[PDB]
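give me a 3D structure for the following:
(8 chains, ligands or ions: 5)
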Amino acid sequence: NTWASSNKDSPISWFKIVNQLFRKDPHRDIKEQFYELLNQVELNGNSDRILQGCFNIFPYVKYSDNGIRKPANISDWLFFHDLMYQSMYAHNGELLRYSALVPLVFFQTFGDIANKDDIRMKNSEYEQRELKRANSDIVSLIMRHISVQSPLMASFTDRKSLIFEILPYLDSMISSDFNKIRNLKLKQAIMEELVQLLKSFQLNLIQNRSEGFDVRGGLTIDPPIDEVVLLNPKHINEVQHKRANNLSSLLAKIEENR
Amino acid sequence: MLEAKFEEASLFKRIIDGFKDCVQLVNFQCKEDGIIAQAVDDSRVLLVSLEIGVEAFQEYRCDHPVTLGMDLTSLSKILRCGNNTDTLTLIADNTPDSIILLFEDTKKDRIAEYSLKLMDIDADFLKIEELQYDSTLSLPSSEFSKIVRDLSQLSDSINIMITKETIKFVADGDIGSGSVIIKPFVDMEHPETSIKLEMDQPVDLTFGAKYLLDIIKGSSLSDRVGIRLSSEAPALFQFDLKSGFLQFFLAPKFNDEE
Amino acid sequence: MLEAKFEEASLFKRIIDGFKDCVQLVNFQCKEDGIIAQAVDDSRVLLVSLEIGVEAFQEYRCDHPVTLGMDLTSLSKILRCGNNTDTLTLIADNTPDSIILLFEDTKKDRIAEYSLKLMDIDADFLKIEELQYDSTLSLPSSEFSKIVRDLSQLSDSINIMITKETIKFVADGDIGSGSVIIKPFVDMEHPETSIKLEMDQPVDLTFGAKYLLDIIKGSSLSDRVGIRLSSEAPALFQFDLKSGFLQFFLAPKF
Amino acid sequence: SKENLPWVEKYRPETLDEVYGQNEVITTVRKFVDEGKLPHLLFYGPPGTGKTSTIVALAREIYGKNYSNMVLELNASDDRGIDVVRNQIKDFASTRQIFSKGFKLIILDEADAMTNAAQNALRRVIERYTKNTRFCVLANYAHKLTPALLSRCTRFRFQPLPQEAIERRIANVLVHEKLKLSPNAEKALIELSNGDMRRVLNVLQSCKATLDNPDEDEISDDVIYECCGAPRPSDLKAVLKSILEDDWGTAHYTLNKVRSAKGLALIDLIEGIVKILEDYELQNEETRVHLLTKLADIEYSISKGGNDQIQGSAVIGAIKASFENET
Amino acid sequence: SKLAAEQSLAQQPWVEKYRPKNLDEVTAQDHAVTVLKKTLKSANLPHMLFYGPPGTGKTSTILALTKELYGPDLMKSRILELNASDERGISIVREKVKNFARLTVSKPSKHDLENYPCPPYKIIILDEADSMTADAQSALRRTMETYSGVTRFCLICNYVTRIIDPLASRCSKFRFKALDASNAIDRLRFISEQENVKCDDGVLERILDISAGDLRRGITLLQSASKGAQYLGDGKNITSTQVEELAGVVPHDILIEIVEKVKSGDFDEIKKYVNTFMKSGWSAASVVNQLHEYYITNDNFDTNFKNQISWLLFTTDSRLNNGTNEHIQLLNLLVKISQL
Amino acid sequence: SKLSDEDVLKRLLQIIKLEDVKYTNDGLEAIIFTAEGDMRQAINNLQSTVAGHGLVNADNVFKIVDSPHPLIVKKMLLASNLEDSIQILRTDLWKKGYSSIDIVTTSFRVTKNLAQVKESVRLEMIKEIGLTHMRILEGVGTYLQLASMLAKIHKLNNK
Amino acid sequence: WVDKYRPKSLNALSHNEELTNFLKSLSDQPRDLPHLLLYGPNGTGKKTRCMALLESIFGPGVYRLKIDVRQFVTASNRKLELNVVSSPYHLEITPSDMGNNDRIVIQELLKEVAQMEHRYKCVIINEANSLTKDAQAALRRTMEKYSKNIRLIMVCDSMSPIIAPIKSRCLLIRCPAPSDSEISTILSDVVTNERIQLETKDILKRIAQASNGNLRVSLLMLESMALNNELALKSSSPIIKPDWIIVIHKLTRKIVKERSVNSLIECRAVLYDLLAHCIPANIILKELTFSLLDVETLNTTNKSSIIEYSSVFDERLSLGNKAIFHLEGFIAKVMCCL
DNA sequence: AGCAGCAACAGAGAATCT
Ligand SMILES: Nc1ncnc2c1ncn2[C@@H]1O[C@H](COP(=O)(O)OP(=O)(O)OP(O)(O)=S)[C@@H](O)[C@H]1O
Ligand SMILES: Nc1ncnc2c1ncn2[C@@H]1O[C@H](COP(=O)(O)OP(=O)(O)OP(O)(O)=S)[C@@H](O)[C@H]1O
Ligand SMILES: Nc1ncnc2c1ncn2[C@@H]1O[C@H](COP(=O)(O)OP(=O)(O)O)[C@@H](O)[C@H]1O
Ligand SMILES: [Mg+2]
Ligand SMILES: [Mg+2]
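Numbering: from 1, shown residues only, chains lettered A, B, ... in the order given. Ligands and ions are numbered 1, 2, ... in the order given. Sure, structure below:
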């Protein structure tokens, strides 16, 4: 148990301040608690991380609920914080003094005596930002591939239209169950059109042979469209099993054409 | 195979000093009549082209041409072991993954041997040299270096203008303007200081000073520099070697083109 | 108009080397008896003052004084084309927007000509030199440079103390203290190595080492350096030229 | 020659007797300098009040005509960092004068744009070197200065120029130039100044240029209003009356014809109507709340562009709905 | 030389082809050009700050002034033009602008002083000063205050509020007025006659009416109408309907349908009609402006309704001026005005 | 910690005794009031008043060293009627040359450090003082924006 | 497929005859051509019409284009990497492929292309709505200084984020979405060329009624449902809807079914899963609001508040950068309304 | 999504020694 020297010279972990922002002590004046919390938020200088902590915690916190309006009032503050944070890169940081007020709105609105347990937290945003960057880089690479092959397609394809319209249909076409098609000629014609589509988008079939002793090196599409299109974890498993048989047939047809 | 022994490692070191900095990748090719090498910078405004005949070597054997590409930086990093007076032998098999540089002192004593990793570069040697250029001139290379070093300070562009019996270098920028005017002349007291000029048509071209600065390095290989200019093609700056030459082809600025 | 031709571009290059770094703007003025130039640093503790008489030139013509201000950095950038042995001619009309530097080799061959943009500076030449200084001393400039280079390492302040027949330079800082003591002496084996001292009153002044370091550059213009100190004014360090001089006036640390 | 400088630069005060408007601070500074005790000064005030002119004339009176050499004047145009402080300001404060004997002066003009580290390094330079040099900090906003630096200097607030001093300066300019000015024109000129001598001098030069004559005539209100593009009180009150009493379509037509006959701007009309309605003795403050809120919203929207007709109709509707609560 | 310039101007769009070259070509901004012409004979040009709506002629006015001042020879040596396409941070303002201001004026030639006044100062203009950060703007304060003897500063902007108060006080404020039909009909008719634009009686005045104080957009619309009338080759005159068709103006009948759907109709019918109307590409700003004109001009609605319609249109325009979705804003506006 | 009134008064009395200065009780009270626990600022204001007028009186101290900026702002925000706050802002702050940025920023500080009113109304007043700040930082800083901010604060206080 | 059957000239266009005639009029004299801005609904065919107009201004080689790469250095040595679509007569830039570094690429690339130069080289700025205000301000003067060598053809879907100076500096051309009849006629030619089997023609009309004027979406959906019916469309072939539209519909069902914080958590999770898969938040908000208004359980009082909150939070999202921070707020406000 | 202030590392130039 070592903490005395910490109370002596160290501040309040931003996590401890977030858990304190959702706690009300019934034995102290609400105004004194508010000024103590304001001083702790100001001394920390990291108002953004405290607010992101408050944003991740508030849905799991117990708060006397009438119609979940409290959340509607806080979306307007959070929007005010985002405007203020954008303006900090444009203007000399005079606006930084108001950044400590937004976390204190959580204490006013959601602070309750019921919140005795510390809720642990994480950083979904850094993971979402890195994932959004990776997905944007994949999409930027597909858009470059279209620009090099499809001379006209590139003029009609916006980044948003590519993500929401073109890629989901392209993936649905590749993942379609060819085993239901009894007509061999029609199966061959569809496979020739799909090989032409894979060529127009420059989608390479790579045999991932990274399988420890298990006799099925899964075929993967490069770039992996699957990571951009497949939002639903249930659909990922169904699509992976169907694709494995289709991709082997498509690879054999690409090799035949080569 | 590649088997070329330079009497003095110094010659090869100065040659590579010429490719140095201005290019990253160099493609060498040895053959029955010698060694050639070409390197193009990323913006594609400068081509460095080398030719070393069989007679420039103390020993040269080639029964089967070999083409090899490499990173210039890696090569120069290794090119300071020649003691200048050391003997240097370039060695490679017919299907190399590396190039061996072997430096040896006269006596059996110190043998420094390197095995440099090669890069795969699509063989595509350019043959952009012209039959006739609008104007041709040669002058001491140290003089050309001074002319370039003067003007460089004033602008990122140095203009070369040629009229009958007149060569004029000009730079004009922020702090002001400068010019160096030279006239053809035969010095019998030693003709290596003469300034020759053959003009079939007046020329007036602009080059990016950063590139001319890269080019002046050739002074260390030859006393004189030949400059061939045309309004139809990249300019040629040439530094002769005993059996060979180092050439720099530089595209004139269109208005903004190095 | 301005029309001054230096026999060797080298002399002008060394003179400008003296203003170099320690000042940004220089105000030149050519006239019937020569050229003068003054530059003051931003903190106003150092004044660099030049005088080149008509005889220092190979050719000088002036029928109408011209004052011109310029950025020294721009000037030095251009001042490495002299080949040292090249001939240098400074040229300007009576109401100039630029100053022309013309370097030419003996033969008609190569002619490097520059047109430097001028700056407008309120003409206000200072005349802070004193009639008499408390003490005066001269010694080889290379010796003075070494003395300054020694002590500089120890502190940002170097003290100069003068008493009868004694000159003492001292620095004292973090790692310790240092001192260089020199005594007046006449060397007939070659008097350019002698150390003269005329003291009317003992002096003891402190200067910022960074400034003394700027000043030592004058060694390249003269074999000896004259140092004049007073408790009433900036110290004067002077480097004589053939017909002229480069002077550095430095205010003592309060 | 001084005949080529603009009127704002040509008529810059060179002595402390030419700085009008500021009397309580000018006399105190003169006494400080005559008696000898000149502390570290902090001239805080709006632009165009005469802080730079005051400190320049003060340094001139202190050091003479050689002011440009015995004073270290730094501003936002020059690089003012922590290293710049450490080297230049400390070397200036620690050393002495090269031209005469006396204390030094460091004029940190527009020091509200300095870095916090620079002020933290300078606050100990002001406290250490205080027997041989002084510090003068000029500021328009006192919030950009650290409290430590703000507490080491004596603060002087430059009030906006009053009517008497600005009229005295106008009379001085009319004496220096072959120009005549109407009394009502002079009053209108003082009205559109807000205590800013720069604006007065600029528009005076501009209306002298507008005269088109060899200056045998006078400058009336029409010249000033047509040159500065400012609305007249007559058209202002006419638009306000048509908005308050007349019909919606008639009010729209009146506003359109007023803003299109003289090319007036909607923002100037907004500010004028705000200034006029400030004297209106009104009922329960709800009307004032609605009026101020809607007018400020419309002004902030105009500050970013949009449809001028839509914004004019918005102003009309806002004023009307605000006054509908007064019944 | 000059003939190449004439041909390049003749093969240039009408916006650049008819750019004012002299201070007399300015048709409506007379108050500013009068002072600019008077100071042309004197030598006391002050620091200026042009501000106003876009397309009023600020850049053209300053270019014509600099030309009439310096001549086509000194036009390229005594001018420092900095636009928004260049870097204008604190570093640039401190180094480049200050070095150009501290430099001396270039010597005029013998042919310059014989035809042009050749003032003893140079001009540094900063176009689109709205993008300049306030610290880089405050850095210009003493730069323009101390070197005023050798250089003069001309700021150009659209929103005068984006420039700090000290800079706005140091410069003389010149407000450029909107170019409506009244003060620009002469220039529009001159442009039409110089290009043989055969139109009807009320076309040009209508064009500026669509321009809403913007001569550049009016000249562009006139050029488009002339091209569309020359392609047909019928030899007839341009009509106001043909002009308002290519100007993005919603036809009167389509607007009357919107008024009927707003007056009579529920949320579902209004939403369906808005979804159908958004299929045909129309700018929401133009629809809001036309609805505002119709509602405020029509003498058939109560004043209490008029205050609310004006405030709602103001809010809708303020929201649309921020890059929002036109469909959502238009639907919200129509729904809010339907509840009235 | 801050220096209480007694300590600064004792130090100023010692300095006056050591310097033989003519003073009065109200003048020293005004000096200590304008000092706000700042001994250095107190001694500086005392010396400035002495060298500017000779007699340390409340009138001289107030005419040379304007009253504390935050106190007038607090009295403006704590006004009960809109017209009183508007007149205070016009005469005390705007007619004396105080910039809008200083007014709004001083305003924010006063509110944050306010204790007369509750927490929620203080947060709403701080929110309103913020929009006016954003508009003034965008260059829309005028008297109308501060008037609208005061009107919104009063509307919040209007239940 | 959309790309296999696309017009390459002005005479190959099959809808908006008045727009084709206006384009022919504008391309009659190509040298005295001002800058152009094509605006209208997304999927109308403005990017095809701009290339068709270039095919009239220049030779047929305008479609033979190549993709190159260009590197840029900001303050950091970070080498902003941008690919360029270039042609021997024009070039295409899409500043929507990066963050706040649009101004650098715009100014530098356009100045290089303008300094190097029928007689001019056309420039196609794709998705001009993503251009930041600073990049638009930088392009403002570049549009006017170099008007004899560089002509801009900016393709956008809404002139709302485009500043007024840029709007004035170029002609504005509106591209209205094609009528359902023209879409049906195009789908007819496509299915007769692709050899599809239609039991009844009216299904094509329904495709138009499911596309809302979008031809790009119409042809893609027709081809997607032609693969499910095995190249033979019947009388009751199901309509193939994208996955994100189904997710948004399920989200609205969850919204109208349950209004609580526990459901707000899973709503935030769904929003995160949608945003992480390259789906813009403005389109998410638009579709969510439009499909929430379609809920017949709500009344006019609920729908008015919903559309007001959607407009407010659309302004918030256009003024903010953390899109989920506004999306969750809008969802919470809708939950509080219902 | 500036700047700045920084500090550290690398390259070039000058001086000294062999
Ligand atoms: N009190 C005054 N008396 C006479 N002229 C004045 C006065 N105040 C300002 N002026 C005029 O306005 C010009 C500018 O004055 P400045 O001192 O530079 O303004 P300022 O008070 O320093 O405000 P800034 O520089 O924007 S922070 C002077 O050159 C005078 O022409
Ligand atoms: N007053 C005018 N008289 C004649 N032509 C004008 C006038 N104003 C604008 N124009 C025309 O519009 C073109 C554009 O002029 P500009 O000066 O660039 O407009 P602007 O005020 O700069 O708008 P910006 O740059 O968006 S703020 C000119 O080349 C003229 O063809
Ligand atoms: N004139 C035309 N006739 C038939 N189909 C067309 C025509 N113009 C475009 N299309 C097709 O209609 C769809 C329009 O979507 P898209 O091309 O993305 O639009 P945009 O050109 O605006 O980007 C595409 O399938 C396109 O090939
Ligand atoms: Mg000032
Ligand atoms: Mg402009």
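
please count neighbours and contacts with C-alpha atoms only from this point.
Noted.

ok, now which ones touch residue B:71?
Contacts for residue B:71 were tallied using C-alpha atoms under 8 Å, 6 or more residues apart in numbering or on different chains; they are B:24-26, B:118-119.

show only the entries of the residues you listed found in strands.
Per DSSP state E, strands hold the following members of the contacts of residue B:71: B:25-26.

which of the contacts of residue B:71 sits closest to ligand 2?
Nearest to ligand 2 among the contacts of residue B:71: residue B:24, at 44.6 Å, using C-alpha to the nearest ligand atom.

can you tell me how far residue A:60 is from DNA strand H?
For residue A:60, the distance to DNA strand H (C-alpha to the nearest atom of the strand, to the nearest Å) stands at 28 Å.

tell me how many other residues surround that residue.
By other C-alpha atoms under 10 Å in any protein chain shown, the residues close to residue A:60 number 11.

again, but for residue G:22
Neighbours around residue G:22, by other C-alpha under 10 Å: 19.

how far away is it from residue G:15?
From residue G:22 across to residue G:15, the span is 13 Å (C-alpha to C-alpha, to the nearest Å).

quick one: contacts for residue 51?
Let's take chain A. Contact analysis of residue A:51 by C-alpha under 8 Å, 6+ apart lists A:18, A:102-103.

not what I meant, chain G
Contacts of residue G:51 (C-alpha under 8 Å, 6+ apart): G:8-9, G:62-63.

neighbour-wise, which one of these leads?
Comparing the contacts of residue G:51 by number of neighbours (other C-alpha under 10 Å), residue G:62 comes first, having 22 neighbours.

check contacts around that one.
Each residue near residue G:62 by C-alpha under 8 Å, 6+ apart is listed here: G:51, G:54-55, G:87-90.

same check on residue E:71?
Contacts of residue E:71 (C-alpha under 8 Å, 6+ apart): E:112, E:116.

where's it relative to residue G:309, distance?
From residue E:71 to residue G:309 the distance is 59 Å (C-alpha to C-alpha).

likewise for residue A:238?
As judged by C-alpha to C-alpha, residue A:238 and residue G:309 stand 38 Å apart.

kindly report the same for residue B:10.
Counting by C-alpha to C-alpha, the gap from residue B:10 to residue G:309 is 78 Å.

which neighbours do residue G:22 and residue G:15 share?
What both residue G:22 and residue G:15 touch, as defined by C-alpha under 8 Å, 6+ apart, is an empty set.

any idea where the helices of the stretch 1-150 of chain A begin and end?
Here the stretch 1-150 of chain A has its helices, by DSSP state H, counting those that start in this stretch, at A:4-9, A:14-21, A:30-44, A:47-57, A:70-90, A:101-110, A:124-148.

element containing the residue nearest the centre of chain B, please.
With distances taken as C-alpha atoms, centre = their mean, residue B:246 lies nearest the centre of chain B, 3.7 Å away. Following DSSP states H and E, one finds residue B:246 within strand B:244-250.

what do you get for residue F:63?
helix F:58-64.

gap between that helix and the chain center?
In terms of C-alpha atoms, centre = their mean, to the nearest Å, the centre of helix F:58-64 is found 15 Å from the chain centre.

how much space separates residue A:207 from residue A:251?
Look at residue A:207 and residue A:251: by C-alpha to C-alpha, they are 9 Å apart.

so what touches stretch F:11-29?
For stretch F:11-29, the external contacting residues (C-alpha under 8 Å, 6+ apart) are F:9, F:43, F:50, F:54-61.
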